[PDB]
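In the entry's author numbering, the protein residues as written are 6 to 281.
Structure follows, in structure tokens:
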């Protein structure tokens with residue numbers, strides 16, 4: 006069926022259609038080359054900025070039951086963990102991280118266990134505002150990661166706390182990794198500054214989810230579109246389709262979808278490892 010599946014938890018809320026789910030998810034992942042002979046051994050950890058809300062309003066008023074994408078969030082992290090990079094999870098509210106569990110690869114001997122064990126970091130994240138309140142020339146972060154998933158469209162785009170955070174990183178020459186709709190978080194830099202100005206990135210093409218609802222992936226149409234808005238802000242988007250390809254622009258590492266999750270994870274691993 007191509008009809009949105011009701012989410013009994015929320016009012017007028019829907020999960021993707023059974024059809025879409027068989028079209029864009031799977032019981033197992035694509036975790037590839039996770040061998041790292043000479044891993045990192047310093048203190049620097051990966052700061053993750055995740056979604057604290059699962060429900061996105063659509064144009065027909067309905068709610069799309071979403072959040073951060075399991076794969077896009079877990080795969081990159083799996084590699085970094087493997088390459089010797091630990092991670093902390095921050096959320097804007099402090100509320101627990103919300104995932105699109107309908108895309109979670111149960112039956113995956115590696116990813117699933119990984120999640121269950123570091124689950125705590127996701128269930129009890131720090132509060133970004135506090136995190137930001139401590140950042141300085143010697144903060145031990147190295148990288149900021151904004152996993153994809155429609156959940157990234159909520160709050161992050163207009164959060165002054167991801168603004169400072171993002172400005173702390175770029176400024177102090179740290180890494181900034183992201184995919185799916187993750188980049189919508191960059192919008193948070195419109196009110197003055199924008200050190201991410203001329204950078205190029207690959208991101209989920211607005212054209213896509215402009216057509217996904219047609220198959221029930223979403224219960225209505227998005228309110229606005231981050232792709233176009235990024236352009237106005239001063240950023241260059243490289244792709245117009247989904248192809249699992251990744252892009253690296255001087256510390257800014259991005260991906261276009263879950264299909265590029267593993268590939269992105271390897272790029273970060275290499276770049277950071279080569280940098281440390």
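From the three backbone atoms N, C-alpha and C, an ideal C-beta is built for every residue, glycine too.
If the criterion is Cβ atoms closer than 8 angstroms, does the pair residue i and residue j meet it?
| i | j | result |
| --- | --- | --- |
| residue 138 | residue 177 | no |
| residue 272 | residue 240 | no |
| residue 60 | residue 89 | no |
| residue 67 | residue 17 | yes |
| residue 113 | residue 34 | yes |
| residue 55 | residue 130 | yes |
| residue 69 | residue 123 | no |
Apart from the five residues just before and just after residue i, which ones in its own chain have a Cβ nearer than 8 angstroms to its Cβ?
| i | result |
| --- | --- |
| residue 91 | 50, 51 |
| residue 255 | 204 |
| residue 258 | 180, 181, 182, 183, 251, 252, 269, 272, 273, 276 |
| residue 247 | 209, 210, 213, 261, 262, 264 |
Quick one: give me the first and last residue of the beta strand (DSSP E) that residue i is part of.
| i | result |
| --- | --- |
| residue 146 | That residue, residue 146, is in no beta strand (DSSP E); it is neither H nor E in DSSP. |
| residue 93 | 92 to 96 |
| residue 18 | 18 to 22 |
| residue 181 | 180 to 183 |
| residue 252 | 251 to 254 |
| residue 260 | 257 to 260 |
| residue 61 | 60 to 62 |
| residue 10 | 9 to 11 |
Could you check if residue i is buried or exposed, using at least 16 other CB atoms within 10 Å of its CB as the buried criterion?
| i | result |
| --- | --- |
| residue 149 | buried |
| residue 181 | buried |
| residue 221 | buried |
| residue 6 | exposed |
| residue 168 | buried |
| residue 206 | buried |
| residue 14 | exposed |
| residue 77 | buried |
| residue 166 | buried |
| residue 125 | exposed |
Once you ignore the five residues that flank residue i on each side, which residues in its own chain have a CB closer than 6 angstroms to its CB?
| i | result |
| --- | --- |
| residue 127 | 94, 102 |
| residue 98 | 57 |
| residue 136 | 95 |
| residue 189 | 157, 158, 162, 231 |
| residue 86 | none |
| residue 191 | 201 |
| residue 105 | 71, 72, 74, 154 |
Can you find the residues in the same chain that come closer than 7 angstroms, C-beta to C-beta, to residue i, ignoring five residues on each side of it along the sequence?
| i | result |
| --- | --- |
| residue 226 | 63, 64, 218 |
| residue 79 | 116, 119, 120 |
| residue 4 | Because the chain in this structure spans residues 6 to 281, residue 4 falls outside the shown range and cannot be described. |
| residue 111 | 32, 117 |
| residue 267 | 35, 36, 37, 80 |
In whole angstroms, what is the alpha-carbon distance linking residue i and residue j?
| i | j | result |
| --- | --- | --- |
| residue 72 | residue 209 | 15 angstroms |
| residue 230 | residue 211 | 6 angstroms |
| residue 279 | residue 41 | 12 angstroms |
| residue 236 | residue 242 | 7 angstroms |
| residue 32 | residue 132 | 32 angstroms |
| residue 164 | residue 100 | 15 angstroms |
| residue 186 | residue 53 | 15 angstroms |
| residue 109 | residue 75 | 5 angstroms |
| residue 199 | residue 23 | 40 angstroms |
| residue 83 | residue 152 | 13 angstroms |
| residue 11 | residue 160 | 24 angstroms |
| residue 172 | residue 234 | 19 angstroms |
| residue 107 | residue 134 | 30 angstroms |
| residue 265 | residue 175 | 23 angstroms |
| residue 20 | residue 245 | 25 angstroms |
| residue 196 | residue 147 | 25 angstroms |
Starting from residue i, trace the alpha helix (DSSP H) both ways and give me its first and last residue.
| i | result |
| --- | --- |
| residue 236 | 231 to 238 |
| residue 76 | 75 to 87 |
| residue 34 | First-last for residue 34: undefined, no H or E at that position. |
| residue 118 | 116 to 128 |
| residue 175 | 165 to 176 |
Please decide whether residue i counts as near chain D, where near means a Cβ-Cβ distance under 8 angstroms.
| i | result |
| --- | --- |
| residue 242 | Structure shown: chain D not included; a single protein chain is present. |
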